[PDB]
Every structure is written in C-alpha cells, then in structure tokens.
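Asker: My questions will all concern the structure given below.
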Amino acid sequence: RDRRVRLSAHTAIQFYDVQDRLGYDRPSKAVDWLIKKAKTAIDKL
Amino acid sequence: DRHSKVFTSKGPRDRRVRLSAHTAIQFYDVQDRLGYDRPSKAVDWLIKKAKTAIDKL
DNA sequence: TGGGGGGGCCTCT
DNA sequence: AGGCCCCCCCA
C-alpha cells in the first residue's frame with residue numbers, strides 16, 4: 001500500500017540530482033525514467 | 001537518532017522515497033535480478049546504466 | 001551496541 | 001510529503 005525505498009545518503013544525493021536534472025516533481029517518476037532508460041541492460045541480466 | 005535527510009540543490013530531502021504502486025513493481029523486479037541486499041545498490045546500478053541518457057541532460 | 005531495511009499508520013500541505 | 005514506531009537482520 002505505501003511502498004517506499006530507503007536510500008543511503010550517498011545514493012540519495014546522486015538520485016535527487018538526477019531527479020532535479022530531469023526536472024520531475026515526484027521521485028517515483030525519476031525512478032520510472034531510469035528504469036526505461038536501462039532496459040537494454042536490464043533485459044541482458 | 002536516525003539519519004533521515006540529505007541536503008540537495010533544492011533543499012532538504014528525505015532518504016526514504018515513496019514509489020507509485022506501478023513503479024514499485026518494476027523497481028523490485030530490478031532488485032530481484034540484481035540480487036542486491038539493499039535497494040541503494042540497485043538505484044546506483046540504474047543510474048550508472050542510464051549514464052549516457054543522463055549526460056545528454 | 002550501532003546501523004541497516006520494510007511495514008503500518010498518522011497528520012499535514 | 002515528513003514523521004513515528006516497531007521489528008528483524010547484519011556488522
């Protein structure tokens with residue numbers, strides 16, 4: 001129901017920067033963006 | 001007692017991020033394939049995989 | 001011991 | 001969205 005992820009300080013900083021550079025309001029939409037832009041690497045796992 | 005925030009270019013921000021129900025499905029799917037204990041290692045991986053997309057702003 | 005993770009819930013903007 | 005509490009596991 002309320003699904004959340006706990007980030008490390010190091011990772012949080014890198015991630016929020018990606019979110020800011022993407023200009024997205026919600027973090028969840030940045031996580032959608034990273035997943036879509038990495039399917040080729042994901043699919044190869 | 002517990003480190004919960006991080007300072008960013010746009011202020012303080014929490015280290016515990018909420019995910020939409022759909023997005024959780026996808027991300028947890030990714031965490032399963034990577035086998036990482038903690039989620040930050042997965043997020044690191046995504047970021048590194050998306051490097052060129054990030055670099056083109 | 002200290003520190004990590006998630007679940008479950010509340011209360012505000 | 002921030003915040004609290006809890007509980008489990010690891011280091």
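Naming scheme: A, B, ... for chains in displayed order of the structure tokens; residues 1 onward per chain; ligands 1 onward as shown.
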Could you give me, as a ChimeraX atom specification, each residue of chain A that DSSP assigns to helix (DSSP H, G or I) when run on this structure's backbone?

Answerer: /A:9-22,27-36,39-43

Asker: Please save C-alpha atoms of the selected residues as a short mmCIF file (atom, residue, chain, number, x, y, z; two decimals), in the first residue's frame.

Answerer:
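Written file, out18.cif:
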```
data_model
loop_
_atom_site.label_atom_id
_atom_site.label_comp_id
_atom_site.auth_asym_id
_atom_site.auth_seq_id
_atom_site.Cartn_x
_atom_site.Cartn_y
_atom_site.Cartn_z
CA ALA A 9 22.99 9.32 1.89
CA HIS A 10 25.45 8.81 -0.95
CA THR A 11 22.81 7.27 -3.22
CA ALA A 12 20.10 9.76 -2.21
CA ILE A 13 22.30 12.65 -3.28
CA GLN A 14 23.10 11.12 -6.66
CA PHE A 15 19.45 10.21 -7.20
CA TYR A 16 17.92 13.55 -6.26
CA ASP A 17 20.41 15.19 -8.60
CA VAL A 18 19.17 13.00 -11.45
CA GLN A 19 15.64 13.96 -10.46
CA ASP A 20 16.49 17.66 -10.42
CA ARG A 21 18.34 17.42 -13.74
CA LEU A 22 15.24 15.71 -15.14
CA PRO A 27 10.87 10.94 -7.29
CA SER A 28 8.75 7.99 -8.45
CA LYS A 29 8.73 9.45 -11.96
CA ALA A 30 12.51 9.71 -11.93
CA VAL A 31 12.66 6.02 -10.98
CA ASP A 32 10.38 5.27 -13.94
CA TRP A 33 12.79 7.22 -16.14
CA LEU A 34 15.93 5.37 -15.01
CA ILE A 35 14.22 2.00 -15.47
CA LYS A 36 13.12 2.84 -19.02
CA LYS A 39 16.00 -1.81 -20.24
CA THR A 40 18.65 -2.98 -22.54
CA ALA A 41 20.89 -3.55 -19.63
CA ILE A 42 18.18 -4.85 -17.54
CA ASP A 43 17.00 -7.30 -20.18
#
```

Asker: Please list as a VMD selection string every residue within 10 Å of residue 28 in chain B, counting only C-alpha atoms (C1' of nucleotides) and excluding residues in the same chain fewer than 5 positions away.

Answerer: (chain A and resid 5) or (chain B and resid 23 33 to 34 39 42)

Asker: Let me see the file: selected residues, C-alpha atoms, as a short mmCIF file (atom, residue, chain, number, x, y, z; two decimals), in the first residue's frame.

Answerer:
```
data_model
loop_
_atom_site.label_atom_id
_atom_site.label_comp_id
_atom_site.auth_asym_id
_atom_site.auth_seq_id
_atom_site.Cartn_x
_atom_site.Cartn_y
_atom_site.Cartn_z
CA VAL A 5 12.61 2.61 -0.54
CA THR B 23 6.87 1.82 -10.14
CA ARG B 33 17.54 -9.65 -10.98
CA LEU B 34 20.45 -7.76 -9.48
CA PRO B 39 17.97 -1.08 -2.59
CA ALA B 42 20.06 -1.17 -7.28
#
```

Asker: At what distance in Å, to one decimal, does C1' of residue 4 in chain C lie from CA of residue 6 in chain A?

Answerer: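 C1' of residue 4 in chain C lies 9.4 Å from CA of residue 6 in chain A.
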
Asker: Would you give me, as JSON lines, each residue of chain B having an atom within 10 Å of an atom of chain D, along with its shortest atom pair and that distance in Å to one decimal, using only C-alpha atoms (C1' of nucleotides) and sorting by chain and residue number?

Answerer:
```
{"residue": "B:4", "atom": "CA", "partner": "D:2", "partner_atom": "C1'", "distance": 10.0}
{"residue": "B:13", "atom": "CA", "partner": "D:2", "partner_atom": "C1'", "distance": 9.7}
{"residue": "B:14", "atom": "CA", "partner": "D:2", "partner_atom": "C1'", "distance": 8.2}
{"residue": "B:17", "atom": "CA", "partner": "D:1", "partner_atom": "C1'", "distance": 9.8}
{"residue": "B:18", "atom": "CA", "partner": "D:1", "partner_atom": "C1'", "distance": 9.2}
```

Asker: Dump as number ranges by chain the residues of chain A that approach chain C to within 10 Å, counting only C-alpha atoms (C1' of nucleotides).

Answerer: A: 1-8

Asker: Quick check: residues of chain B within 9 Å of chain A, only C-alpha atoms, returned as number ranges by chain.

Answerer: B: 3-10, 13-21, 23-24, 26-27, 30, 33-34, 38-41, 43-44, 46-47, 49-50, 53-54, 57

Asker: Selection from above, N, CA and C atoms, as a tab-separated table (two decimals), in the first residue's frame, can you write it?

Answerer:
```tsv
chain	number	residue	atom	x	y	z
B	3	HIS	N	19.67	8.98	10.81
B	3	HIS	CA	19.88	9.90	9.70
B	3	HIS	C	18.77	9.72	8.68
B	4	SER	N	17.98	10.76	8.49
B	4	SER	CA	16.80	10.61	7.65
B	4	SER	C	16.77	11.56	6.47
B	5	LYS	N	17.56	12.61	6.49
B	5	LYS	CA	17.52	13.61	5.44
B	5	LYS	C	18.88	13.70	4.77
B	6	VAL	N	18.88	14.45	3.70
B	6	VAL	CA	20.06	14.74	2.91
B	6	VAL	C	19.86	16.14	2.35
B	7	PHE	N	20.94	16.90	2.25
B	7	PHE	CA	20.84	18.24	1.71
B	7	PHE	C	21.14	18.22	0.22
B	8	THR	N	20.27	18.84	-0.56
B	8	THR	CA	20.38	18.82	-2.00
B	8	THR	C	20.30	20.24	-2.52
B	9	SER	N	20.54	20.35	-3.83
B	9	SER	CA	20.49	21.62	-4.52
B	9	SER	C	19.18	22.36	-4.32
B	10	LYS	N	18.10	21.66	-3.99
B	10	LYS	CA	16.80	22.29	-3.81
B	10	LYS	C	16.27	22.09	-2.39
B	13	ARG	N	15.93	16.88	1.72
B	13	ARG	CA	15.15	15.86	1.07
B	13	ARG	C	15.33	14.56	1.79
B	14	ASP	N	14.30	13.76	1.87
B	14	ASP	CA	14.35	12.50	2.60
B	14	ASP	C	15.01	11.36	1.91
B	15	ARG	N	15.66	10.56	2.71
B	15	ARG	CA	16.35	9.41	2.16
B	15	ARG	C	15.40	8.25	1.88
B	16	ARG	N	14.18	8.31	2.40
B	16	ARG	CA	13.17	7.27	2.22
B	16	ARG	C	12.15	7.80	1.22
B	17	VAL	N	12.20	7.29	-0.03
B	17	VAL	CA	11.37	7.79	-1.11
B	17	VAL	C	10.19	6.86	-1.31
B	18	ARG	N	9.03	7.45	-1.55
B	18	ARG	CA	7.85	6.68	-1.87
B	18	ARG	C	7.81	6.38	-3.36
B	19	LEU	N	7.24	5.23	-3.70
B	19	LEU	CA	7.08	4.81	-5.07
B	19	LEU	C	5.61	4.57	-5.38
B	20	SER	N	5.18	4.99	-6.55
B	20	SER	CA	3.87	4.58	-7.03
B	20	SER	C	3.79	3.06	-7.08
B	21	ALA	N	2.57	2.54	-6.94
B	21	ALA	CA	2.38	1.09	-6.97
B	21	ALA	C	2.98	0.46	-8.22
B	23	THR	N	5.42	1.70	-10.14
B	23	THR	CA	6.87	1.82	-10.14
B	23	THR	C	7.51	0.82	-9.19
B	24	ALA	N	6.88	0.59	-8.02
B	24	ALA	CA	7.44	-0.41	-7.11
B	24	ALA	C	7.55	-1.76	-7.79
B	26	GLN	N	8.04	-2.51	-10.93
B	26	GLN	CA	9.19	-2.53	-11.83
B	26	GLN	C	10.51	-2.52	-11.06
B	27	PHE	N	10.64	-1.62	-10.09
B	27	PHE	CA	11.92	-1.50	-9.40
B	27	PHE	C	12.25	-2.77	-8.64
B	30	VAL	N	13.60	-5.20	-10.68
B	30	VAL	CA	15.01	-4.99	-10.98
B	30	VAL	C	15.87	-5.46	-9.83
B	33	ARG	N	16.54	-9.23	-10.00
B	33	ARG	CA	17.54	-9.65	-10.98
B	33	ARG	C	18.94	-9.26	-10.57
B	34	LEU	N	19.11	-8.13	-9.87
B	34	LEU	CA	20.45	-7.76	-9.48
B	34	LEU	C	20.91	-8.51	-8.23
B	38	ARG	N	20.51	-4.45	-0.29
B	38	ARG	CA	19.89	-3.15	-0.05
B	38	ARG	C	19.56	-2.44	-1.36
B	39	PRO	N	18.41	-1.77	-1.38
B	39	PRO	CA	17.97	-1.08	-2.59
B	39	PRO	C	18.91	-0.03	-3.13
B	40	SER	N	19.67	0.69	-2.30
B	40	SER	CA	20.53	1.73	-2.85
B	40	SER	C	21.47	1.17	-3.91
B	41	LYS	N	21.91	-0.08	-3.73
B	41	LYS	CA	22.81	-0.65	-4.72
B	41	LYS	C	22.11	-0.80	-6.06
B	43	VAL	N	19.59	1.22	-7.09
B	43	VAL	CA	19.46	2.57	-7.64
B	43	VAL	C	20.78	3.02	-8.22
B	44	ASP	N	21.89	2.69	-7.55
B	44	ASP	CA	23.19	3.02	-8.11
B	44	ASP	C	23.32	2.44	-9.50
B	46	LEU	N	21.05	1.43	-11.74
B	46	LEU	CA	20.23	2.15	-12.71
B	46	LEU	C	20.91	3.43	-13.16
B	47	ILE	N	21.36	4.22	-12.20
B	47	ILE	CA	21.98	5.50	-12.51
B	47	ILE	C	23.17	5.27	-13.43
B	49	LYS	N	23.68	2.70	-15.35
B	49	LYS	CA	23.24	2.23	-16.66
B	49	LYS	C	22.71	3.37	-17.51
B	50	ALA	N	22.08	4.36	-16.89
B	50	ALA	CA	21.47	5.44	-17.64
B	50	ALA	C	22.43	6.59	-17.87
B	53	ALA	N	22.12	8.67	-21.07
B	53	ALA	CA	20.86	9.42	-21.08
B	53	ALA	C	20.92	10.61	-20.13
B	54	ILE	N	21.53	10.40	-18.96
B	54	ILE	CA	21.71	11.50	-18.01
B	54	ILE	C	22.68	12.53	-18.58
B	57	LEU	N	21.78	15.43	-20.64
B	57	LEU	CA	20.79	16.13	-19.84
B	57	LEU	C	19.42	15.46	-19.84
```

Asker: Which value, in Å to one decimal, gives the distance between CA of residue 2 in chain B and CA of residue 37 in chain B?

Answerer: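 According to the coordinates, CA of residue 2 in chain B and CA of residue 37 in chain B are separated by 20.0 Å.
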
Asker: How many Å lie between CA of residue 1 in chain B and CA of residue 36 in chain B, rounded to one decimal?

Answerer: 26.1 Å
